[PDB]
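S.K.: A single structure is presented below for examination.
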Amino acid sequence: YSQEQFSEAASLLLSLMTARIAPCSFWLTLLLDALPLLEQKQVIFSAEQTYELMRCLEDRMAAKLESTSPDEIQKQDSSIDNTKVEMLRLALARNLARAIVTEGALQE
Amino acid sequence: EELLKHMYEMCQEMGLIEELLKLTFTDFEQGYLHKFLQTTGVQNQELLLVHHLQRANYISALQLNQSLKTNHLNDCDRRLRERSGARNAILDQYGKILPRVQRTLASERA
Amino acid sequence: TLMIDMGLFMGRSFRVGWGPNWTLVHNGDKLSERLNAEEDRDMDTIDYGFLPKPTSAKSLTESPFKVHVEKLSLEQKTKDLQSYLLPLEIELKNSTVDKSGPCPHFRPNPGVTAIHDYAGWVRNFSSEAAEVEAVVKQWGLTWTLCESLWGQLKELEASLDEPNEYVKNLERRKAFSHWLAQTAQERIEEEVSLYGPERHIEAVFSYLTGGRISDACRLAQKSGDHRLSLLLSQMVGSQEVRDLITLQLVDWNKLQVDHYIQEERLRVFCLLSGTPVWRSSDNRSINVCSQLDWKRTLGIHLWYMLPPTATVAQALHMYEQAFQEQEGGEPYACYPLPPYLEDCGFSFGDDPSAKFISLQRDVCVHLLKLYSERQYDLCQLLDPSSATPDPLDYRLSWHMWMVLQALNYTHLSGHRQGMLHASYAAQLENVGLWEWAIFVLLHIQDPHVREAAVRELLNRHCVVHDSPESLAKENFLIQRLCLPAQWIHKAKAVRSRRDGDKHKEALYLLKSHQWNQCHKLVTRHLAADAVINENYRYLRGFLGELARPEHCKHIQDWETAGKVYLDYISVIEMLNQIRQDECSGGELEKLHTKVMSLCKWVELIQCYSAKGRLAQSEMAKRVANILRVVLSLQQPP
Amino acid sequence: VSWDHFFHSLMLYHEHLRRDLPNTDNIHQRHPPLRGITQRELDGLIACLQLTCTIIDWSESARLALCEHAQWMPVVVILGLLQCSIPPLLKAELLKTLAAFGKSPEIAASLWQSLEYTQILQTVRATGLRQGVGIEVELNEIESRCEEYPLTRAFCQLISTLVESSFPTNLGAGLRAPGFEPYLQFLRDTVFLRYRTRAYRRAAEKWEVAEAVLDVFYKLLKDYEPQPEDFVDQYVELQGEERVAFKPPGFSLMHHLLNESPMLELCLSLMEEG
Amino acid sequence: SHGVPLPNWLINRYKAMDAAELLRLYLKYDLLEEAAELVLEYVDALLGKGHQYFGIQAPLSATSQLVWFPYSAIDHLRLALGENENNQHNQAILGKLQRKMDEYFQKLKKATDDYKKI
Amino acid sequence: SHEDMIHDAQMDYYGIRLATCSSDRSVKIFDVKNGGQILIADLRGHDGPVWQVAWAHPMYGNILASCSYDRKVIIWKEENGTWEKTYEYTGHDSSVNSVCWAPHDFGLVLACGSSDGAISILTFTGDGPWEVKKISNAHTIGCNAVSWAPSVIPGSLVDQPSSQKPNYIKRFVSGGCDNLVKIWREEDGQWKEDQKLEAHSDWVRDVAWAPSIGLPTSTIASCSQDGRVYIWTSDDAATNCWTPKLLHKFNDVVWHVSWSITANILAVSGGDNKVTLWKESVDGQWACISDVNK
């Protein structure tokens, strides 16, 4: 990322997540950082593999909710963090949709 | 830019707007159009709102609608009030169905 | 060094040098100004060293070889330009250029809209640039408080105002409420992150301190806090509400339930009941004061201690008696402090000795005593260091007294008035804004000393050199400050008296009637220069301006040499006229009479030195040449 | 180019660099950045210095004219210049210019006393400065990488000329550090022990380095004439205080040679490579 | 600079013009013993009359605070004396100068009281 | 700079250059431009220890008057960049403690205090005579510190329109080691004592009239060895009783008191190795707002 190495960055991240290792609360930040790559016009994006990423994300967030409450602190910013998380996954969906659009427009 | 301005003025005079809206364009042309029409009064604001919608520009249409509603808080023309109440109903109808970004903005306090 | 040989009736000592306006020529140091030895240090450090160079064996070589000169300065900002600029260009319009005497004078204008423009712009900037300072916030605070006590807002300018004393009191109070609404915004924004439904009673206390029932209720409902929401409306209900609470709490006292109930809701109850201090059966003093502002104290007093619709003054009176000694008893309210001082602790009442220790007050409170009564004694009003940590920037106090005059509150000594004018203009010196220090100064009515202060500042800042920046400065001073260029050209005259720019000494000494000096310059230098070098244009200009009979009547011996040279100029020029002509006998005869007259006046003067000898020699040789020329040309064909 | 042109150029360079560095009696301090130098500036300066050295060598009249120029004072100018820290190519040029100046004996004496006052290299080890600096450092870094070591030899010739023309009148009495012994140990150890230890792209360098050191030792020997009182006392009662006052540098250099000296060994070496 | 002890003729002439300048060059160039004498006859002339030798002109009978001389150089040299101690020869010279200054101070206070009666 | 203790440093009116007097019998003269500085000139011809040299008023040019022990009153002019002595006085018998200039208004005149217990006022025509007026037995014992009355004679309140020319008959003060600080007016062509003050039981060290800027209140700092510091004030010419106020009760001999130009702040030299910068606040009252070693 820091030198913006999109191709091999994404390939490594794909390999790492296919390896299926580490707690969920951090795969949060993982895909949070994966965001702008997903934004960038790239053809190597395999949306279906991105979506086992997201379905595991659903699985993990369900498990996280079952194991604990995301916010045990009541403050003006706890609901901010939550709604931010939903917005994040909404951004995931919308960006994936755009990536699919670009991939198709390039499959011409 | 001189060609663009001349076309805009003359096409405004002789009413070829729908014909013009049916062409291939460029980003610079639309950007200059937006810059020119932004500073040219309220009625041009609703016309360019129509143009946003004609090119399917609903987020920008809603931003322009918010700007117009904020502007119309000291205007007291009754025809403008009628049109603005219609516009408020219009935007309340449209924004809720659009993609979810403006829905989060609506969930946010105002 | 070490003085360790103290005898008695000793020798002499020393002093560093002063420099203009608290500049210092100093061999010693003030805070941290001078360095130790060695050029190389572990933590990447380099320092000086001179003294041990001549010796391979030190004898405490303590001798100075560079004395530094520094000028005391507060802050390091370079953006304060507009900060000082704007209020001063406000007095620009809220003042008038009294042109009385050659030196003008400035007097402010009683416009109270100056207050509004000041404070409104304070907010305007405070929003346009998010880089304002907390001190800027303090001064906006003072702005709003003064406006409230006298200024007129827009909510009662868009609504007709009514002269009944009760209307005035309630209108002052409602303006005070809108003020607190503006003030407590950031306080709410700060403790809102702090608190939650865990801290919900603390939020209750804050909301009560605000009188912010609206958003309190909105919070309680978004949280589904129905009982609390219902309590909220009761906070400012009828007096019967408080009768209810009095009897109800007397009951709880007989019931001892407090021991089983947290004093948290109990202080909520005290807030509702208007009871600031509770005396339990155990005589437990449950006081209401916490985290507050003295502002919040008196706001509570308004809303709750007496009718919330009551006036300003009596509520203030009760509050002051509350944090003061009542009957020799302990104060029970909050003792006002300036912001940087409640930064160092604050009080809620009791123990007047701990108030006696230092505990100064705030100046907006002084504003309040005035707005109430004019029997009050003013000796302490404007002193920004008492309300701000930093010493300088007398904008606050000085614009303040300006507004005081605009509001007829001119009721204190010109001693301190001109004192503040001078102090803030010296600040303008320190920063380099002398042509605005002028603006400051001309508000005193003492023409002589005012003229003085101007004179020495314009001697710091006369720039005889060509500069568009100088151009802008003089455009300002003459066109706007209406200062006669008389003063400016006196500046240039003395500056050239010291520096030597002929183009300026000539003009300005001639205007200043310095004829002997104009002699010993023009005659000594320019006369010889031009006669040798044939560049007589400028010279004839100066001789013509010298020839002014209004000058001449005060001039001595202008005839002796000055118009002498001038008539020689006339002779040669009309000879050149004769040269461009071919036949003019009635002009040749004029030239012949002039040359016969001048041939006997050439030699009476000149030869003050060898240079005078040269001048006389050239003069006599030229007059002989002109005489022979005219005699040859006046011959028959 | 002229004396006028080159001298105003130098004086402006120096005034700029004394604003970019501290005042006199210093080497370095935090200050505004120095003047920018182009390689063309370098070429012009070094070439003009070659010209100036040739001229002052061949013409004593030009040399005296330059030393007498009251409105240039290249003495104090070059003092400040060598106090300045720079790519030492030009510092070396300054040094060789001073060497060509010292040909005048009273100019040589002035240079001797001036340099002792300055302490360019390391003379007094009392703290109050960054000591232990100079050609030693730059030799450690740069000359080693280049494999070419001209400054060392140039400064060798510097002391050679200094001693042969000017003789010690004083060296220190609690005011300076008496004795050349500092730079003595310097030259013998740092160079005469280390000259053989160098890397050379071309072999020819070793020859001329060794000559630059041998000739210097020869002037030392040639000049030093012993005396019977050379054997008398080492501690001298400064006010009844027996203080160390090191023996004649001659005395010492002989006795070192008179017993086993690495000078013997390197003399040997010289012979075998010959 | 060439190691020359100052010639006596220059000593006498340039002292008979002025001496404290010589004093701070003693200081500058380690002329410490000789400065010590210069001080000794300074005090002695204070006691008597030798200002002529010093290039000084004031009539002398004794010493007082109202009479100027470089007490500063005096005390800086006392500094040099304090600093240059590693040996008992220096301590002896010190104690001698200390004694001299003590006799000075005692008679100085005598004359100072006499002046205080004025 | 110099190679000794520093007696007095004096800035030019431009604020670009320095006169600097030292015990070295020399005064160094430095222009200050950029980080570096240039000794444009050093001047010598001085005896004793140097006491003080004072700039006369700029309306006349570059003028410095120096007072020296060994009975030497040195009077230097600048010309062509060269500083030359236009006068000398001797005939005084004990060291002239201090010399002080009047502003342009009263002209080119310097008051001079002597350790003789006497005074001399020197008018100079500007190009002419050195008009000398000796005040014998000015103090019973030596004269320590003196102070003009700053610029024009009384009349500085709201007055008629500008360009007025009042009368010019002078006033001043001085305190001395007679334990007495007295005040004088130009009375009967003589100079007669307006007032005499014995409050400091000890010898007076320094006096300092505020070069007052726009205040009718005449205020003057007074320091002695007592440890008490008296600021003496009269709010107007009608205040015939000067008022003492303790700036501070130090415990040492306080030597120097010196306002600068605007008189806003005073520098105080005492037996403390430190000079203290005190000031009246906007509410008056002495605030020691700074402290500097020399």
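For the structure tokens, the naming scheme is as follows: chains receive sequential letters (A, B, ...) according to their order of presentation, residues are indexed from 1 within each chain, and ligands are indexed from 1 in presentation order.
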Provide as a ChimeraX atom specification the residues of chain C at most 8 Å from chain A, counting only C-alpha atoms.
M.R.: /C:192-198
S.K.: Let me see the file: selected residues, N, CA, C and O atoms, as a CSV table (one decimal), in the first residue's frame.
M.R.:
chain,number,residue,atom,x,y,z
C,192,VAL,N,-20.7,16.4,26.2
C,192,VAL,CA,-21.5,15.4,25.5
C,192,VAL,C,-20.7,14.1,25.2
C,192,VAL,O,-21.2,13.0,25.4
C,193,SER,N,-19.5,14.3,24.7
C,193,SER,CA,-18.6,13.2,24.5
C,193,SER,C,-18.3,12.5,25.8
C,193,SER,O,-18.1,11.3,25.9
C,194,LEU,N,-18.3,13.3,26.9
C,194,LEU,CA,-17.9,12.8,28.2
C,194,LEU,C,-18.9,11.9,28.8
C,194,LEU,O,-18.6,10.9,29.4
C,195,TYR,N,-20.2,12.2,28.6
C,195,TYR,CA,-21.2,11.6,29.3
C,195,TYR,C,-22.1,10.6,28.5
C,195,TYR,O,-21.9,10.5,27.3
C,196,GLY,N,-23.0,9.9,29.2
C,196,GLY,CA,-23.9,9.0,28.6
C,196,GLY,C,-25.0,8.7,29.6
C,196,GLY,O,-25.1,9.3,30.7
C,197,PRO,N,-25.9,7.7,29.2
C,197,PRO,CA,-26.9,7.3,30.2
C,197,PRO,C,-26.4,6.7,31.5
C,197,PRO,O,-27.1,6.6,32.5
C,198,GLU,N,-25.1,6.3,31.5
C,198,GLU,CA,-24.4,6.1,32.7
C,198,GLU,C,-24.2,7.4,33.5
C,198,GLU,O,-24.5,7.4,34.7
S.K.: Tell me the residues of chain E close to chain D, meaning within 8 Å using only C-alpha atoms, as a ChimeraX atom specification.
M.R.: /E:1-3,29-30,86-90
S.K.: Any chance you can output those residues with N, CA, C and O atoms as a PDB file, in the first residue's frame?
M.R.:
ATOM      1  N   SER E   1      56.250  38.699  21.919  1.00  0.00           N
ATOM      2  CA  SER E   1      56.016  37.713  20.877  1.00  0.00           C
ATOM      3  C   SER E   1      57.307  37.049  20.453  1.00  0.00           C
ATOM      4  O   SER E   1      57.287  35.895  20.008  1.00  0.00           O
ATOM      5  N   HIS E   2      58.417  37.750  20.583  1.00  0.00           N
ATOM      6  CA  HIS E   2      59.715  37.149  20.362  1.00  0.00           C
ATOM      7  C   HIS E   2      60.433  36.847  21.668  1.00  0.00           C
ATOM      8  O   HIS E   2      61.639  36.592  21.658  1.00  0.00           O
ATOM      9  N   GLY E   3      59.713  36.880  22.785  1.00  0.00           N
ATOM     10  CA  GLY E   3      60.233  36.403  24.044  1.00  0.00           C
ATOM     11  C   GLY E   3      61.074  37.391  24.800  1.00  0.00           C
ATOM     12  O   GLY E   3      61.890  36.986  25.634  1.00  0.00           O
ATOM     13  N   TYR E  29      49.945  38.842  29.286  1.00  0.00           N
ATOM     14  CA  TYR E  29      51.082  38.025  28.902  1.00  0.00           C
ATOM     15  C   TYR E  29      51.842  37.478  30.096  1.00  0.00           C
ATOM     16  O   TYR E  29      53.075  37.430  30.077  1.00  0.00           O
ATOM     17  N   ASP E  30      51.123  37.071  31.135  1.00  0.00           N
ATOM     18  CA  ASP E  30      51.660  36.227  32.193  1.00  0.00           C
ATOM     19  C   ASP E  30      52.799  36.899  32.940  1.00  0.00           C
ATOM     20  O   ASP E  30      53.695  36.228  33.455  1.00  0.00           O
ATOM     21  N   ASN E  86      48.991  25.049  43.016  1.00  0.00           N
ATOM     22  CA  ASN E  86      49.212  23.619  43.133  1.00  0.00           C
ATOM     23  C   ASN E  86      50.479  23.395  43.950  1.00  0.00           C
ATOM     24  O   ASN E  86      50.915  22.256  44.145  1.00  0.00           O
ATOM     25  N   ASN E  87      51.065  24.481  44.451  1.00  0.00           N
ATOM     26  CA  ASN E  87      52.393  24.425  45.041  1.00  0.00           C
ATOM     27  C   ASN E  87      52.532  25.463  46.145  1.00  0.00           C
ATOM     28  O   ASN E  87      51.894  26.519  46.112  1.00  0.00           O
ATOM     29  N   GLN E  88      53.410  25.160  47.101  1.00  0.00           N
ATOM     30  CA  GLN E  88      53.466  25.928  48.338  1.00  0.00           C
ATOM     31  C   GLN E  88      54.330  27.171  48.204  1.00  0.00           C
ATOM     32  O   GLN E  88      54.222  28.090  49.022  1.00  0.00           O
ATOM     33  N   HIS E  89      55.190  27.230  47.184  1.00  0.00           N
ATOM     34  CA  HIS E  89      55.825  28.497  46.846  1.00  0.00           C
ATOM     35  C   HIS E  89      54.770  29.550  46.546  1.00  0.00           C
ATOM     36  O   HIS E  89      54.834  30.680  47.049  1.00  0.00           O
ATOM     37  N   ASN E  90      53.770  29.175  45.751  1.00  0.00           N
ATOM     38  CA  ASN E  90      52.665  30.073  45.462  1.00  0.00           C
ATOM     39  C   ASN E  90      51.924  30.440  46.735  1.00  0.00           C
ATOM     40  O   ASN E  90      51.487  31.580  46.898  1.00  0.00           O
TER      41      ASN E  90
END
S.K.: Just how far from CA of residue 106 (chain F) is CA of residue 194 (chain F), in Å to one decimal?
M.R.: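 About the pair CA of residue 194 (chain F) and CA of residue 106 (chain F): they are 19.7 Å apart.
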S.K.: Determine which residues of region 130-188 of chain C receive a DSSP assignment of alpha helix (DSSP H), computed from the backbone, and state them as a VMD selection string.
M.R.: chain C and resid 134 to 149 165 to 188
S.K.: As a PyMOL selection string, please: every residue in region 109-203 of chain F that DSSP puts in strand (DSSP E or B).
M.R.: chain F and resi 109-114+119-124+130-135+143-148+171-176+181-185+192-197
S.K.: For the interface of chain D with chain F (cut-off 10 Å, counting only C-alpha atoms), please tabulate each contacting residue of chain D alongside its nearest pair of atoms and their separation in Å to one decimal, rows sorted by chain and increasing number, as CSV.
M.R.:
residue,atom,partner,partner_atom,distance
D:15,CA,F:36,CA,9.5
D:18,CA,F:36,CA,8.4
D:19,CA,F:35,CA,6.7
D:20,CA,F:35,CA,9.7
D:22,CA,F:36,CA,8.9
D:23,CA,F:36,CA,7.4
D:31,CA,F:35,CA,9.6
S.K.: Find the residues around residue 39 (chain E) up to 10 Å (only C-alpha atoms counted), leave out those fewer than 5 positions away in its own chain, and share them as an mmCIF file with C-alpha atoms, in the first residue's frame.
M.R.:
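Saved result, around.cif, follows:
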data_model
loop_
_atom_site.group_PDB
_atom_site.id
_atom_site.type_symbol
_atom_site.label_atom_id
_atom_site.label_comp_id
_atom_site.auth_asym_id
_atom_site.auth_seq_id
_atom_site.Cartn_x
_atom_site.Cartn_y
_atom_site.Cartn_z
ATOM 1 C CA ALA E 19 51.461 52.094 34.703
ATOM 2 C CA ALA E 20 48.034 50.399 34.824
ATOM 3 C CA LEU E 23 49.422 46.217 34.544
ATOM 4 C CA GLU E 33 55.523 38.323 39.461
ATOM 5 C CA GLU E 34 56.398 41.679 37.965
ATOM 6 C CA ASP E 44 53.770 52.001 48.767
ATOM 7 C CA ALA E 45 53.256 55.183 46.749
ATOM 8 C CA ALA E 73 42.816 44.465 38.068
ATOM 9 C CA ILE E 74 43.782 43.987 41.714
ATOM 10 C CA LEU E 97 50.420 39.508 49.490
#
